[PDB]
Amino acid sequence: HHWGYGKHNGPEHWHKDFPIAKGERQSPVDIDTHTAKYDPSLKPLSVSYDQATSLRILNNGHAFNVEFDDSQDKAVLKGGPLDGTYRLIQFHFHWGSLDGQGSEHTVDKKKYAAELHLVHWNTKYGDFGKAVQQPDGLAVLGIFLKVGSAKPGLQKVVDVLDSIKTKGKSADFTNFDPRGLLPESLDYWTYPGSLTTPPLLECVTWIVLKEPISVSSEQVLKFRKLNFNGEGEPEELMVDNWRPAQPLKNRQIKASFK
C-alpha cells in the first residue's frame, strides 16, 4: 500500500508516511499574482542546455521521467534567484484527466492542463542524493502547458510513450534537446518549497515561468494513455498525477518582472 494518486493513497494520505507533508515550506502553491513582490534584485535566469545529454525514459508508476547524464558540467541552471550552479538531472510532467486540470502550481487559482518540472541539483553537494538533504539542494524550473497549437519539441517524447505504457517499463532515450520545451520568455516567480511527491523534502528553490507552452490536444491525450499499473495488472490510466496547492504559510513569492 504505497503512496499514489487515488482515494486511499493520494495526497490527503501522504502525511502518515511523510509527516513533512504538513510542513512550513510545502509545494505546490497558488501564485497570487497581485501579492507576488517584484524584486529588482532578482537576475535573469540562465538556462544552458546546449550540451544536455539524455539517457533514457522510465514509467515509474507516478509519471514518466526523462533522465540525463549529469556526470559532467553540461546542462546548467544559474542566475535568477540562485547562488552557484545547478545541474539538470531529469524532467517529468504532471497532468490531468481533462484539459481544465493537471498543473501543480496555480496562478490566481487557474489550473493548467499540465506542468513540466526540470529538476536540477546544486553542484556544491556533489550529487543529487546529497543535494536533496539540503535546504538549497534543488532548483526546479516549472513550466505550464496549455492546450492549443502543438509543441514540435515535445513530439519525440510523445512518440516513445507507447513503449513505456506501464509501471516499470523503460527505454533508451538519447539526444533529446530540452530547449524545445521552453517558452519564449524566461520571466518567472520564485519561492522556497519542496518536492511535490514523497518524500516531500523541503529542498527546492522553485522557479515557475510565467508564460506557458502550448501543446496540442493530441499530445496531451497521449500522456493520458500511460498506465499507473504494471503490465498484467487491471489498467488504471495515468491521469491526475498532481498534488493540489498547499498552504503558503510564512512565505513570500517574488516576481522577476513588472
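Numbers for residues come from their place in the sequence shown, where the first is 1.
*Asks:* Once you work out the mean C-alpha B-factor for both 28 to 36 and 41 to 49 from the entry, which is higher?
*Replies:* Comparing averages over the C-alpha atoms only gives 41 to 49.
*Asks:* Of 107 to 115 and 127 to 135, which one has the bigger average CA B-factor?
*Replies:* That would be 127 to 135.
*Asks:* Per the PDB entry, which option out of 102, 79, 142, 178 has the greatest Cα B factor?
*Replies:* Among 102, 79, 142, 178, the PDB entry lists the largest C-alpha B-factor for 79.
*Asks:* Could you say which of 254, 258, 8, 251 has its CA atom at the highest B factor, as listed in the PDB entry?
*Replies:* Highest CA B-factor of the listed options: 258.
*Asks:* By the record's CA B-factor, is residue 89 among the lowest, middle or highest third of residues in the chain?
*Replies:* Answer is lowest: the recorded C-alpha B-factor places it there.
*Asks:* Select lowest, middle or highest to describe the third in which the CA B-factor of residue 152 falls within its chain in this entry.
*Replies:* Middle third - that is where residue 152 ends up once the chain's C-alpha B-factors are sorted.
*Asks:* Using the B-factor values recorded in the entry, state whether the Cα atom of residue 16 falls in the lowest, middle or highest third among the modelled residues of its chain.
*Replies:* For residue 16, the deposited C-alpha B-factor lands in the highest third.
*Asks:* Taking the entry's C-alpha B-factors for this chain, is residue 193 in the lowest, middle or highest third?
*Replies:* Within its chain, residue 193 is a lowest-third residue by C-alpha B-factor, going by the deposited values.
*Asks:* Taking the chain's C-alpha temperature factors as the reference, tell me which third residue 122 falls into: lowest, middle or highest.
*Replies:* Lowest third.
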